[PDB]
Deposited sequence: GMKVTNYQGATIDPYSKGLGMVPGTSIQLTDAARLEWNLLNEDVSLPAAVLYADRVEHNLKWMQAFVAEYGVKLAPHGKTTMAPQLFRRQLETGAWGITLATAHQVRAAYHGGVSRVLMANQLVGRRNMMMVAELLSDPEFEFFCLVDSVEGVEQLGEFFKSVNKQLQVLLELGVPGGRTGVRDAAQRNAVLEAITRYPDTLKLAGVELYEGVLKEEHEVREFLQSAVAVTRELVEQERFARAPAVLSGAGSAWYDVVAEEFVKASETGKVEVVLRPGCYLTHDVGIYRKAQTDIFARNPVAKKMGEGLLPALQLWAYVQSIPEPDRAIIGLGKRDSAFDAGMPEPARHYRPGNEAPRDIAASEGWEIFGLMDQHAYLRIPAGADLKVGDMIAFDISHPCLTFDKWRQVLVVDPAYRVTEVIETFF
């Protein structure tokens, strides 16, 4: 129960099976003392807290609240920090994810996805006898609504749904007004079970601004009509877009729905580990130099098992020789560059005669940090002296 996994990678010696993650400090792991198996995933406590407090300081120019997507870390320890620093809820994608977040103390989850399949539905139904828990999922088809309605009725629960709008050539969401009206009608056939709680879209399938505005404006018109018809079962109704790349455009268009006093706008941002200019990169992967077979080629103990290829090639940022007081920063001018990532190894180009030895450590930055998280069941949190203060568990 929120205990360190003694068989995971990227850890030091774990002398019991019930050592609380938050008690990791008593194990006295220090990264520089080689207490920890490399490769390891390392969050800097000072930077994580910086990024949290930075986001907390953010005063929006518009009436909008944030439900950051949790799928990139799947770490309820981080979700709780996000919620205590002002997030409205967590956006998740699967029933499995929702259960994980719920048992990690998240009390509001926007499942930005269709809920389908008997076990996925039951996994959500299991959380719905908690009167303090708030849940939403998306609907975009009559069949999907009927499946939800029949199931949740059969287990005597209520389920909040958001009508999802979509676009031609897009992903999910109703494509036109006739579909929209059929989906809305289907919901009224389960009056004691399904509860229309708002409207949702993902505007980022579109590329041009005029298309985005026109899509946002159709969502506003549908929302205002449902307000006027008193067809929402939640007060306020929720209107949600991604609002990342299109943050400004989404806010401008969605204000028109808010002006009813009956709708709250909820946006669904991504990674906090890099609203955004002052965020600091909080995660590095640390690996050993295992072999330097040629004067310009080093082999590193880091592979695709440790670092998502969709995160981008790892970039050497720090160098540390065991026995030294501290690491040193690697300057771009040194030309240390990963030119190959295999399963468990990386190829590092170095200038001939570089001061690098087998057994040295390198800390790597990665461009899209959160995408790497799913390669790590345990992520370390370190203080500025590289002492591990906490272990973060993930639920992938």
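- Absence of C-alpha coordinates is noted for several segments of the deposited sequence, namely 1 to 8, 283 to 304.
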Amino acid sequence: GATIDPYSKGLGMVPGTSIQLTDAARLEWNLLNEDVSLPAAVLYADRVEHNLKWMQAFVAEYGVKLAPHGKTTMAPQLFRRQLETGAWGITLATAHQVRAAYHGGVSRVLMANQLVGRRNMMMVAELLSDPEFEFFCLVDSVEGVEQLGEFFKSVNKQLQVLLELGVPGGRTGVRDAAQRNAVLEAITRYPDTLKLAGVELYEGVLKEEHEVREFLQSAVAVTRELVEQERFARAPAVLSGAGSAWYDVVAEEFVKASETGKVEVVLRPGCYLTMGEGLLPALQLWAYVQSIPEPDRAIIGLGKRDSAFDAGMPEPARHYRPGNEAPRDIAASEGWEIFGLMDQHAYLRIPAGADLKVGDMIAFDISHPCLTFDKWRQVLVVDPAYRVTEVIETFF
From here on, numbers count along this sequence of modelled residues.
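- Looking at 8 to 16 and 371 to 379 together, the entry lists the larger mean B-factor for 371 to 379, computed on C-alpha atoms.
- Note on 254 to 262 vs 93 to 101: mean CA B-factor is higher in 254 to 262.
- The entry assigns its greatest Cα B factor, within the set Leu27, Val42, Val358, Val59, to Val59.
- Between the residues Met55, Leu32, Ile362, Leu38, the entry's highest C-alpha temperature factor is the one at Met55.
- In the PDB entry, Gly117 places in the lowest third of its chain by CA B-factor.
- The entry lists a Cα temperature factor for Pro322 that places it in the middle third of the chain's modelled residues.
- Remark: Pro269 belongs to the highest third of its chain, ranked by C-alpha B-factor as recorded.
- Looking at the C-alpha B-factors along this chain, the one for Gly276 belongs to the highest third.
- Among the modelled residues of the chain, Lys195 sits in the lowest third by CA temperature factor in this PDB entry.
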